[PDB]
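Trainee: Before I ask anything, here is the structure I am working with.
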Amino acid sequence: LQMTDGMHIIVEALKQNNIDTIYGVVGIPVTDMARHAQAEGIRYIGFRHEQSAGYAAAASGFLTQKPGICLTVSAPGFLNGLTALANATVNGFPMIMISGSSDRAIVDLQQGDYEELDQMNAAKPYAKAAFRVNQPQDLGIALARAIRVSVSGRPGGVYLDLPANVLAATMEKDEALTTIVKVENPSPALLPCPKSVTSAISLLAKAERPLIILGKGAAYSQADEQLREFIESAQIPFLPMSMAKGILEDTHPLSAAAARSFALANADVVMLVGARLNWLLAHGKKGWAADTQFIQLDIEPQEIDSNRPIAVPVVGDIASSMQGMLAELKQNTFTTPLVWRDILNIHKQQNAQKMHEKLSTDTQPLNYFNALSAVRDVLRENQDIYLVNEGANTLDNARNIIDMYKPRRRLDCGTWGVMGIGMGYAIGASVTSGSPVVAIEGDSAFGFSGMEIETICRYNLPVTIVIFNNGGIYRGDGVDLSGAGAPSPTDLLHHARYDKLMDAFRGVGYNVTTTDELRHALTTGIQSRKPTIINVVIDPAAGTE
Amino acid sequence: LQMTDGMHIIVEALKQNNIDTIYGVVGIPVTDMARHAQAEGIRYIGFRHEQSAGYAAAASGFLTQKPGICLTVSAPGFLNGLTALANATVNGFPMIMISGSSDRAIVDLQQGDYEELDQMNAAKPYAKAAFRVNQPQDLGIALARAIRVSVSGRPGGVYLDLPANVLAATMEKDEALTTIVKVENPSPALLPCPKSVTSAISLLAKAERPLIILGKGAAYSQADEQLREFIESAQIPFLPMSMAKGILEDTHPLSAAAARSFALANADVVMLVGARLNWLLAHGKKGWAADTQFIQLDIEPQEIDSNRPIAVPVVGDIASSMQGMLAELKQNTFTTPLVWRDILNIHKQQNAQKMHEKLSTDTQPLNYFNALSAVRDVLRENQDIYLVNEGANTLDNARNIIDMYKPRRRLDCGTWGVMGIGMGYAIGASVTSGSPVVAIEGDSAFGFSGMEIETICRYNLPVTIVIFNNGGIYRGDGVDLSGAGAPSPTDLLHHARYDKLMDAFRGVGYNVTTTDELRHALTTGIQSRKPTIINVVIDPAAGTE
Amino acid sequence: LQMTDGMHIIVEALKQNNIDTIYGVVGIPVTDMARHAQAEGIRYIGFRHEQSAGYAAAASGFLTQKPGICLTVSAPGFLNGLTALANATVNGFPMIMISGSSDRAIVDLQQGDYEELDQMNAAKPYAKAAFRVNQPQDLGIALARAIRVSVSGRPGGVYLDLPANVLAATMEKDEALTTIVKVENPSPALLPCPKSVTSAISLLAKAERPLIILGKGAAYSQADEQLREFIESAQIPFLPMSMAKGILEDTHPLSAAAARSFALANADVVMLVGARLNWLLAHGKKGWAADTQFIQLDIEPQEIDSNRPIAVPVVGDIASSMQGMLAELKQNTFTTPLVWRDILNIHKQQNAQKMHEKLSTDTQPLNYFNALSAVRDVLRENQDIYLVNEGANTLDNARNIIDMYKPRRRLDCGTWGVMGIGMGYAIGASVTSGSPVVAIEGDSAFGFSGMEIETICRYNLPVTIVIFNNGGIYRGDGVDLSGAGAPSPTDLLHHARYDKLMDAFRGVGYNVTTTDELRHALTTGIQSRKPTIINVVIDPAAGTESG
Ligand SMILES: Cc1ncc(C[n+]2csc(CCOP(=O)(O)OP(=O)(O)O)c2C)c(N)n1
Ligand SMILES: Cc1ncc(C[n+]2csc(CCOP(=O)(O)OP(=O)(O)O)c2C)c(N)n1
Ligand SMILES: Cc1ncc(C[n+]2csc(CCOP(=O)(O)OP(=O)(O)O)c2C)c(N)n1
Ligand SMILES: [Mg+2]
Ligand SMILES: [Mg+2]
Ligand SMILES: [Mg+2]
């Protein structure tokens, strides 16, 4: 009798389901598991804080449609991981957080166990599902569920709880192998009702001023060719939400991004593609026509009529829907009014002109617009990068200024406006892709995951971090209104040199005060493939609050 | 009619309740509140991550018996703060986390608000209470409750939710002033049943081998003189739990710490003073006599019989209890058997001898024992510091080796074994005391709150950070068992120089490889009162897992 | 080697802790547990629905200060009992609900087990603590905690989860006996700050118009003699809340009940004794002087400053605080001003006279006032009874009109205004005391637990149920506003005869349309000690609608 244990079973389950990376922080009881997973050919990436590890996991699920794996220990590590699990769920990114937990009997009586918490029920409100495995023969089915749940419907976080004892529990090795489940097709296609598809084309054909909105669901769907084809056939102006930038290149002629306010105020029929009417679209109220009619393509029927009533729900998975939308268009082709495209273009150009003047006008110190014009100069010549971006002014201005050329290349604060996602998204993106990453970081944003620069160095990841050091949150020029001369609630240290942090870890730092310095430092950064911080001196007074 | 708003009301409530510091991270909707609080003479301390701010708040409540105040924004900031609120509750440290929340009507319908979450119900499982204020006329009563709840019973975290709209809501300034509540005596004395006090002395008088255990509740109580007096009158050997070190100096003759295992294995009557029989005392099972009888002084009746049956519960607040224990002793004095004190001392000395040999034996590279012998050399000559300590080996060895001379001077990982508490406890301790802090940090532990070094610099706090750089979690010598040469799950960067991090922020760094270097670097550190990192090179193989 | 199992251990643990009654409803996996508990001398009371079993447990807790035991099966049984656990925690009544649950491994993975629900987490929001026991050797200590938690602080419900596997799990009998825990003094006395006590007496001694308020915390504490001596010594007028009626008799010359709103509107110093400034006291807001100063005796510091700022908190158990208050009074005596007592008495008199016209005036049909005057005349002669009461007009009028003479004899809708406590309360009160119970029930109220009349007949309990049948919720005279002639939302069947329900179970029914018939039926009911229903024909227009 050859015998095995839960730890070995779970690692084998992960292997057969083609998990090739784990993002984590170890400690009791999970160290041996991570060692063995690595032993078994799984890439283990160890972080300085579990939050970043969970952010890396979610980033990777967003890029692949395969759930990223976050590994943590019991209560204090689990809780740090839980904050990233929550954010994955909110954003619709698939991931599974696997955490050690303590002794079920002790925790159930609340006697004060090591790292005691009911982790399973603690995760429930933040996860699509929360599963706990008490028997090693159930590990494989439990992972099967975790995988399916994480990628079906609107994708999200799943919590898988592994009590210390299930990892130690033994079974016959042969029988164990029969309990392992390899999931085929974890999220099947769900096709819309044909009649809703035909109503959708019909209402679009009757539209005087149609607009398509592409959200993260559109991006996640990988239906890039189908979307382009639909948009181009009917010449329908579209707006990309932040992380849908690049499905079609941002400089595409049908992009209404440069006159977004005007487009939303005037469109008479709006077609949401995996985009919620949440605060990011002002709930379809402020800045919109009183009378807009909506078509909505969403995988999740519970999202329909969440905010404004939806004339044409088109419920099913987005690729499937666009397949059928395409076929129905071919049977009943139309072209969007030229006058609409034309009035759009009029606004687009006035706005690009005003932008251009801000972008080409040099200043000392640098502001957000000339600084980002410099970044854009370099990124135009380096189109195969991933862009991670977080902050306030640093976020809004980079979103508007940096164009994306390819789909699923932008990672940012997201639906909850989280400061802290940059390092982890940077690591998840580069581990997943093997490509360089540029992280354009506000200086407050940066400090929420800063220590992860050590991890970037430890794994020799090609990430260049560009910090917009304006000396604080929004602006660097706050004053202590007491007359006591203390830093104001929004000030960070006057003239901090973030590029130096890298000295500690044998990585590259540049300090940049001008666009020419910035251009050089950022080009070298990317082309070197070395971990790098670029500290960018930004006028403390360039930001708005 | 002079009019005021919720923001102004809440700041005034905080002022009248003698809140003089707020630890926080701002953003929407709380920036204006922090600015005004600072305007009104409240010291605002702004962090890089809310977790550290909440740790600072809890540290300050532990030292003062006054709840520390943690201020955050809505969902993503609230969630980061929640992880420190949870830890305060677990440890029995008073604090109030005040967070902005969004629009109640939008969140209640789950329509996708800005930073949407039911923060109130999210905090419930981690807090003594969670309150939400919808009317500005209720702000003062709500803060009154927050304060009382946080400090009564076993102290803990309280969540106070302030929707964006209550901060904007206006009322007549004069009437507003009548709605503000100044709490007098937030936690009244609770005196034990006289009969339980007399049973307690009685069972102690009959004891052959009595032992007292002092927990964090004993420490928090500030009953230092009463405890010393009781222990010395009856000559009762005591053990200090980690953060009760220093109530009586650690070198006190009645301290059984150097033969802790023996003391617990043999004591026949154990008197718990604000110490739980949780995992930290192995639940009163493994390493204890089959037949130990317990006396327990605890403020919380729900803690009695949690683990082992308790012969003599003494329920009431600890100062009150020790008052009555003292009076009853005087009426019925006894002395602990000399033979017990003597056998204890026999073990104590054998153990101090073995320790001494590890401590005085020089090595290259340094190990935990000679390194800490060096720290202890410096701390003997600098007794007015606060000691923050976290890690694994760094934690266990510093606990055993560094003596405390005064009460409530040690801050560490605590009941949940949290890596990440060091910077925040360091900042909370120095802001609260005005004294220097020495943080003895494992290198994994450090990276959970590292970025807070900027904050230490921004406020020019006298904190010296001593990092035990063994190159990883527990040990620095892990190997990738795949044969791929990747860092093992436990390795951090080979030879990272954490002292350099300080360059970024205009603070002091030392690298130390020997005890003489360490001694010099640490003395200068403290006496300079400058923010400092000491990177200490530790044999990667000195630790145990 | 003699073996035992979890089921045997928990029963022994109950026995050693002096549990002598369990209220429940059996089924998988607890039927054998109940059988064996009964075999071991524990009295088993089985119900038609678990919520009444849970209501009976919490009544038994309030009466005795020993947690009542409610037993249920898994998910659907559990959830019914949980509604009653909720009510106990809200009212401050100690009880423990012990529920069987299913297989931990299956429920943890949400595979659709038999009766699947994480019952422990389900109970958490409604209970002082929720515990779950996985190992048989942990059963005794789990019960010890449940007991201590249920009775310490402000008492409340505790949930104790017994997975089917733990009940069947075996261990050696001798080793098993060593893991049983007998709790001595589960709620220790907690003594107030003596400074609080001296400040309280001094504020009372400065008051021009002091008022004591007795809450159900005062009734639960069992400090009847200390509260009475304190009140009578300084001659402080007192208001009893509903379930505090009778600590001192309601006819006591110092009761301000007959002038409640005057008393609250005009007192300058008010001493709350286990009484919360919650909605039953209008939060200390509406109907109170603008600057009332409060002294508050409560065991729970969390309750202080909940609503109004409290001038003098006196935190500790009510018996110990009253012991300190009396000793401080004896050192520093004072007598409430005669003028305040005399002016209260003038208002009590105006109100008492208004109430007397209503009570004494005959009507056909009967109304609440003359019907209850007849009930009061009967109850004055039977001061050993327990009074259960619920409904709306039926509750408020009985509460004002039926005087209590002894403490802890009145049981009602309580803090959450629950309809459906009536039969549970009647059963727990009679089983607990051995005494007759009279339940004065609104007809809508009764229907929430009416099938428990079979339980009452099964155990031959001395319960007389008097239903004020006005044909509806508040009133029986509603009309369908659409014109279709359907019953209105507040109507119940016109002229239902609830007295006839008892023929199913060999109980006694009376139907009564007059005060003389009511008086006779109710007297015969009480004396008979037989399960009885009295259907009282009340005017459908007599009631007012709350809101
Ligand atoms: C975890 C978290 N904490 C706090 C906030 C509130 N918040 C919004 S923006 C921001 C930082 C803004 O400054 P910065 O990143 O430096 O960019 P800048 O505006 O200065 O370019 C913060 C802390 C948040 N969104 N997330
Ligand atoms: C937030 C959190 N994450 C993970 C753990 C698990 N854990 C225990 S010790 C430890 C770090 C141990 O190494 P280190 O701090 O460097 O001290 P050393 O043993 O090397 O001296 C970790 C991550 C924890 N307790 N808390
Ligand atoms: C469990 C529950 N359901 C509903 C209510 C709402 N409610 C208040 S009083 C009442 C019944 C009133 O009628 P009745 O009991 O017949 O008294 P009457 O006023 O007619 O004498 C109800 C159902 C409640 N309080 N509890
Ligand atoms: Mg900034
Ligand atoms: Mg280390
Ligand atoms: Mg009725």
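Identifiers in this document derive from the order of the structure tokens: chains are assigned A, B, ..., residues are numbered from 1 separately in each chain, and ligands are numbered from 1 in order of occurrence.
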Residues of chain C near chain B: apply a cut-off of 7 Å, count only C-alpha atoms, and supply the list as a PyMOL selection string.

Mentor: chain C and resi 141+144-145+148-149+152+181+188-193+301-302+305-306+316

Trainee: Take the residues just selected and output them with C-alpha atoms as a tab-separated table (two decimals), in the first residue's frame.

Mentor:
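part_37.tsv, written as the output of this step:
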```
chain	number	residue	atom	x	y	z
C	141	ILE	CA	-17.32	21.96	28.20
C	144	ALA	CA	-20.76	24.74	30.39
C	145	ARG	CA	-19.99	27.71	28.10
C	148	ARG	CA	-22.52	30.63	31.42
C	149	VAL	CA	-23.00	32.66	28.29
C	152	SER	CA	-24.17	36.27	32.25
C	181	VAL	CA	-18.57	19.99	33.65
C	188	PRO	CA	-21.37	35.74	39.30
C	189	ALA	CA	-22.44	38.92	41.15
C	190	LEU	CA	-20.95	42.08	39.68
C	191	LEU	CA	-20.65	45.03	42.07
C	192	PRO	CA	-21.07	48.64	41.05
C	193	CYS	CA	-18.50	51.37	41.53
C	301	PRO	CA	-22.27	48.97	30.20
C	302	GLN	CA	-22.99	48.90	26.37
C	305	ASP	CA	-25.77	56.46	26.65
C	306	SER	CA	-27.61	54.49	24.03
C	316	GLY	CA	-23.50	45.98	37.82
```

Trainee: With only C-alpha atoms considered, list every residue of chain A at most 6 Å from chain B, as a ChimeraX atom specification.

Mentor: /A:39,46,48-49,76,111-115,278-279,306,416,418,447-448,451,458,481-482,489,493,496-498,500-501,504-505

Trainee: With C-alpha atoms kept, could you save the residues just selected as a CSV table (one decimal), in the first residue's frame?

Mentor:
```csv
chain,number,residue,atom,x,y,z
A,39,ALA,CA,8.7,20.6,-6.9
A,46,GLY,CA,6.0,34.8,-3.2
A,48,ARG,CA,5.5,40.6,0.6
A,49,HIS,CA,1.8,40.9,1.4
A,76,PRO,CA,-4.2,37.2,9.5
A,111,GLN,CA,-11.7,28.4,22.4
A,112,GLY,CA,-8.9,30.6,21.0
A,113,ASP,CA,-7.1,28.4,18.4
A,114,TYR,CA,-4.0,29.4,16.6
A,115,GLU,CA,-5.1,32.0,14.0
A,278,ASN,CA,-22.9,51.6,-12.4
A,279,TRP,CA,-21.3,54.9,-11.2
A,306,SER,CA,-30.4,47.4,-12.1
A,416,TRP,CA,-13.9,50.0,-6.6
A,418,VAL,CA,-8.6,50.6,-5.3
A,447,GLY,CA,2.9,53.3,-1.3
A,448,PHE,CA,-0.1,50.8,-0.9
A,451,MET,CA,7.4,46.7,-0.9
A,458,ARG,CA,13.6,38.7,-6.7
A,481,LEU,CA,-4.6,75.0,8.7
A,482,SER,CA,-3.7,75.2,12.4
A,489,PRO,CA,-3.5,65.2,5.6
A,493,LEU,CA,7.5,63.9,2.0
A,496,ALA,CA,11.0,61.9,-1.7
A,497,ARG,CA,13.3,60.0,-4.1
A,498,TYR,CA,11.4,56.7,-4.9
A,500,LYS,CA,16.4,55.1,-4.5
A,501,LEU,CA,14.2,52.3,-3.1
A,504,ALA,CA,18.1,48.1,-1.6
A,505,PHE,CA,17.3,45.4,-4.1
```

Trainee: Which of stretch 32-281 of chain C end up as strand (DSSP E) when DSSP is run on this backbone - answer as number ranges by chain?

Mentor: C: 43-46, 68-72, 95-101, 129-132, 157-163, 170-172, 190-192, 210-214, 238-240, 269-273

Trainee: Residues as selected, N, CA and C atoms, written as a short mmCIF file (atom, residue, chain, number, x, y, z; two decimals), in the first residue's frame, can you do that?

Mentor:
```
data_model
loop_
_atom_site.label_atom_id
_atom_site.label_comp_id
_atom_site.auth_asym_id
_atom_site.auth_seq_id
_atom_site.Cartn_x
_atom_site.Cartn_y
_atom_site.Cartn_z
N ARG C 43 -37.87 15.82 32.21
CA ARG C 43 -39.23 15.92 31.69
C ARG C 43 -39.18 16.42 30.23
N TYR C 44 -39.79 15.67 29.30
CA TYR C 44 -39.79 16.06 27.88
C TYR C 44 -41.11 16.65 27.53
N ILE C 45 -41.10 17.94 27.11
CA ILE C 45 -42.31 18.55 26.53
C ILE C 45 -42.24 18.72 25.00
N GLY C 46 -43.07 17.97 24.25
CA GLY C 46 -43.02 18.09 22.78
C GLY C 46 -44.14 18.96 22.25
N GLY C 68 -33.68 27.92 29.94
CA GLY C 68 -34.58 26.92 29.35
C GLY C 68 -33.91 26.26 28.17
N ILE C 69 -34.21 24.96 28.03
CA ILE C 69 -33.65 24.11 26.97
C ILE C 69 -34.67 23.82 25.91
N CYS C 70 -34.36 24.26 24.69
CA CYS C 70 -35.15 23.94 23.49
C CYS C 70 -34.36 22.96 22.60
N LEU C 71 -34.99 21.85 22.24
CA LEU C 71 -34.39 20.86 21.34
C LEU C 71 -35.06 20.83 19.92
N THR C 72 -34.27 20.93 18.85
CA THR C 72 -34.80 20.83 17.48
C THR C 72 -33.91 19.88 16.56
N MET C 95 -31.66 31.17 27.48
CA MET C 95 -32.09 29.88 26.98
C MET C 95 -31.01 29.32 26.13
N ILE C 96 -31.03 28.00 25.95
CA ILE C 96 -30.12 27.35 25.05
C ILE C 96 -30.95 26.52 24.08
N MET C 97 -30.77 26.80 22.77
CA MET C 97 -31.35 25.91 21.74
C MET C 97 -30.25 24.92 21.31
N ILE C 98 -30.59 23.65 21.43
CA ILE C 98 -29.69 22.55 21.02
C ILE C 98 -30.37 21.99 19.81
N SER C 99 -29.70 22.06 18.67
CA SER C 99 -30.19 21.48 17.40
C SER C 99 -29.24 20.43 16.81
N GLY C 100 -29.78 19.32 16.36
CA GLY C 100 -28.99 18.39 15.53
C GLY C 100 -28.67 19.12 14.20
N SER C 101 -27.52 18.79 13.57
CA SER C 101 -27.23 19.27 12.27
C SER C 101 -26.69 18.07 11.50
N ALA C 129 -24.12 33.61 21.80
CA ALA C 129 -23.02 32.87 21.23
C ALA C 129 -23.60 31.72 20.44
N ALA C 130 -22.88 31.25 19.42
CA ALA C 130 -23.32 30.06 18.71
C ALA C 130 -22.13 29.10 18.74
N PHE C 131 -22.33 27.89 19.25
CA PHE C 131 -21.25 26.89 19.38
C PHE C 131 -21.55 25.65 18.57
N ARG C 132 -20.53 24.97 18.08
CA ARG C 132 -20.78 23.69 17.41
C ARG C 132 -19.82 22.68 17.88
N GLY C 157 -30.33 34.09 24.36
CA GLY C 157 -30.26 32.78 23.70
C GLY C 157 -28.84 32.37 23.35
N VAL C 158 -28.54 31.10 23.54
CA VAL C 158 -27.29 30.59 23.06
C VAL C 158 -27.60 29.46 22.14
N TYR C 159 -26.84 29.36 21.04
CA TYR C 159 -27.11 28.20 20.18
C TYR C 159 -26.06 27.11 20.32
N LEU C 160 -26.51 25.88 20.52
CA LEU C 160 -25.59 24.72 20.64
C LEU C 160 -25.88 23.64 19.58
N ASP C 161 -24.94 23.50 18.66
CA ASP C 161 -25.05 22.68 17.48
C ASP C 161 -24.43 21.32 17.69
N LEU C 162 -25.24 20.28 17.50
CA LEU C 162 -24.74 18.94 17.67
C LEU C 162 -24.82 18.13 16.36
N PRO C 163 -23.69 18.06 15.60
CA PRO C 163 -23.76 17.35 14.32
C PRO C 163 -24.17 15.92 14.56
N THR C 170 -18.41 7.52 19.75
CA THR C 170 -18.21 6.79 21.00
C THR C 170 -16.91 7.22 21.67
N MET C 171 -16.89 7.10 22.99
CA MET C 171 -15.64 7.08 23.70
C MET C 171 -15.81 6.18 24.93
N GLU C 172 -14.71 5.92 25.64
CA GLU C 172 -14.79 5.08 26.87
C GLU C 172 -15.59 5.78 27.95
N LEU C 190 -21.81 41.01 40.10
CA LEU C 190 -20.95 42.08 39.68
C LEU C 190 -21.31 43.38 40.42
N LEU C 191 -20.36 43.91 41.17
CA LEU C 191 -20.65 45.03 42.07
C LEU C 191 -20.36 46.35 41.46
N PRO C 192 -21.29 47.32 41.62
CA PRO C 192 -21.07 48.64 41.05
C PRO C 192 -19.93 49.43 41.72
N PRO C 210 -38.66 62.80 42.12
CA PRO C 210 -37.95 61.59 41.64
C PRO C 210 -38.95 60.48 41.22
N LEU C 211 -38.54 59.63 40.29
CA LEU C 211 -39.41 58.54 39.74
C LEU C 211 -38.53 57.36 39.52
N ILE C 212 -38.92 56.22 40.05
CA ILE C 212 -38.25 54.97 39.71
C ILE C 212 -39.02 54.26 38.59
N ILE C 213 -38.24 53.71 37.63
CA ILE C 213 -38.83 52.86 36.61
C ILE C 213 -38.32 51.43 36.71
N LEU C 214 -39.25 50.49 36.92
CA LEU C 214 -38.85 49.06 37.03
C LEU C 214 -39.02 48.34 35.69
N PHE C 238 -43.06 54.86 41.72
CA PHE C 238 -42.39 53.96 40.80
C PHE C 238 -43.35 53.65 39.66
N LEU C 239 -42.77 53.47 38.47
CA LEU C 239 -43.51 52.95 37.34
C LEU C 239 -43.06 51.53 36.96
N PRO C 240 -43.94 50.53 37.04
CA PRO C 240 -43.49 49.24 36.46
C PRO C 240 -43.71 49.08 34.95
N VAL C 269 -35.83 63.72 38.15
CA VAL C 269 -34.81 62.71 38.30
C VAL C 269 -35.46 61.34 38.13
N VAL C 270 -34.96 60.55 37.19
CA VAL C 270 -35.56 59.26 36.90
C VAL C 270 -34.51 58.15 37.01
N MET C 271 -34.83 57.14 37.81
CA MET C 271 -33.96 56.02 38.08
C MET C 271 -34.50 54.82 37.36
N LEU C 272 -33.79 54.46 36.32
CA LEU C 272 -34.12 53.31 35.51
C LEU C 272 -33.52 52.09 36.18
N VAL C 273 -34.35 51.08 36.42
CA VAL C 273 -33.82 49.84 37.00
C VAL C 273 -34.10 48.66 36.06
#
```

Trainee: Write down as a count of residues only the residues of stretch 308-374 of chain C whose backbone DSSP state falls under helix (DSSP H, G or I).

Mentor: 44

Trainee: Contacts of residue B:200 at 12 Å or less, counting only C-alpha atoms, minus same-chain residues fewer than 2 places along, as a PDB file with C-alpha atoms, in the first residue's frame?

Mentor:
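So the final result, stored in selection-v6.pdb, reads:
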```
ATOM      1  CA  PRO B 192     -16.022  41.023  41.992  1.00  0.00           C
ATOM      2  CA  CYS B 193     -18.288  39.019  44.225  1.00  0.00           C
ATOM      3  CA  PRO B 194     -16.615  39.148  47.695  1.00  0.00           C
ATOM      4  CA  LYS B 195     -17.065  35.385  48.154  1.00  0.00           C
ATOM      5  CA  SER B 196     -15.154  34.560  44.980  1.00  0.00           C
ATOM      6  CA  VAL B 197     -12.284  36.792  46.162  1.00  0.00           C
ATOM      7  CA  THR B 198     -12.168  34.994  49.494  1.00  0.00           C
ATOM      8  CA  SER B 202      -8.193  30.441  50.300  1.00  0.00           C
ATOM      9  CA  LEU B 203      -7.263  28.136  47.412  1.00  0.00           C
ATOM     10  CA  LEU B 204      -3.955  30.013  46.949  1.00  0.00           C
ATOM     11  CA  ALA B 205      -3.184  29.595  50.682  1.00  0.00           C
ATOM     12  CA  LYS B 206      -3.719  25.790  50.428  1.00  0.00           C
ATOM     13  CA  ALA B 207      -1.531  25.586  47.261  1.00  0.00           C
ATOM     14  CA  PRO B 210       1.064  28.352  43.155  1.00  0.00           C
ATOM     15  CA  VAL B 269      -2.943  26.221  41.456  1.00  0.00           C
ATOM     16  CA  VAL B 270      -2.681  28.732  38.617  1.00  0.00           C
ATOM     17  CA  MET B 271      -4.062  32.229  38.884  1.00  0.00           C
ATOM     18  CA  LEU B 272      -4.796  33.804  35.485  1.00  0.00           C
ATOM     19  CA  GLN B 293      -6.793  24.138  39.554  1.00  0.00           C
ATOM     20  CA  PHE B 294      -7.463  27.573  38.128  1.00  0.00           C
ATOM     21  CA  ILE B 295      -8.288  30.889  39.562  1.00  0.00           C
ATOM     22  CA  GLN B 296      -9.239  33.411  36.868  1.00  0.00           C
ATOM     23  CA  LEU B 297      -9.502  37.147  37.061  1.00  0.00           C
ATOM     24  CA  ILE B 310     -12.153  27.081  36.353  1.00  0.00           C
ATOM     25  CA  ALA B 311     -12.373  26.349  40.059  1.00  0.00           C
ATOM     26  CA  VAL B 312     -12.440  30.025  41.100  1.00  0.00           C
ATOM     27  CA  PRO B 313     -13.724  32.592  38.597  1.00  0.00           C
ATOM     28  CA  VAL B 314     -13.125  36.169  39.803  1.00  0.00           C
ATOM     29  CA  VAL B 315     -15.184  38.286  37.401  1.00  0.00           C
ATOM     30  CA  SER B 321     -10.237  42.634  41.589  1.00  0.00           C
ATOM     31  CA  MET B 322      -6.621  43.107  42.715  1.00  0.00           C
ATOM     32  CA  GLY B 324     -10.072  43.209  46.814  1.00  0.00           C
ATOM     33  CA  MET B 325      -7.542  40.360  46.392  1.00  0.00           C
ATOM     34  CA  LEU B 326      -5.044  42.603  48.282  1.00  0.00           C
ATOM     35  CA  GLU B 328      -8.417  39.777  51.518  1.00  0.00           C
ATOM     36  CA  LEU B 329      -4.730  38.736  51.612  1.00  0.00           C
ATOM     37  CA  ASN B 332      -5.531  36.181  55.669  1.00  0.00           C
TER      38      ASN B 332
END
```

Trainee: Using only C-alpha atoms, which protein or nucleic acid residues come within 10 Å of residue B:261? Drop anything in the same chain fewer than 6 positions from it, and give the result as a count of residues only.

Mentor: 3

Trainee: Excluding residue C:465 and residues on its chain fewer than 5 positions from it, collect all residues at most 7 Å away from it, counting only C-alpha atoms, and give them as a list in words.

Mentor: residues 438, 439, 440, 532, 533 and 534 of chain C

Trainee: For the residues selected in the previous step, produce a file with N, CA and C atoms as a PDB file, in the first residue's frame.

Mentor:
```pdb
ATOM      1  N   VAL C 438     -53.563  31.763  33.019  1.00  0.00           N
ATOM      2  CA  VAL C 438     -54.643  32.327  32.237  1.00  0.00           C
ATOM      3  C   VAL C 438     -53.955  33.076  31.123  1.00  0.00           C
ATOM      4  N   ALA C 439     -54.272  32.728  29.868  1.00  0.00           N
ATOM      5  CA  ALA C 439     -53.792  33.486  28.713  1.00  0.00           C
ATOM      6  C   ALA C 439     -54.922  34.345  28.109  1.00  0.00           C
ATOM      7  N   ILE C 440     -54.703  35.647  28.112  1.00  0.00           N
ATOM      8  CA  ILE C 440     -55.652  36.586  27.527  1.00  0.00           C
ATOM      9  C   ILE C 440     -55.093  36.956  26.170  1.00  0.00           C
ATOM     10  N   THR C 532     -58.807  24.677  29.012  1.00  0.00           N
ATOM     11  CA  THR C 532     -60.017  25.333  28.666  1.00  0.00           C
ATOM     12  C   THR C 532     -59.801  26.488  27.730  1.00  0.00           C
ATOM     13  N   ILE C 533     -60.708  26.586  26.777  1.00  0.00           N
ATOM     14  CA  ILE C 533     -60.822  27.779  25.928  1.00  0.00           C
ATOM     15  C   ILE C 533     -62.131  28.525  26.228  1.00  0.00           C
ATOM     16  N   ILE C 534     -62.020  29.851  26.381  1.00  0.00           N
ATOM     17  CA  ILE C 534     -63.196  30.748  26.524  1.00  0.00           C
ATOM     18  C   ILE C 534     -63.149  31.690  25.345  1.00  0.00           C
TER      19      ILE C 534
END
```

Trainee: Could you tell me, counting only C-alpha atoms and all ligand atoms, which protein and nucleic acid residues lie no more than 6 Å from ligand 6, written as a list in words?

Mentor: residues 442, 443, 444, 469, 470, 471, 472, 473 and 474 of chain C
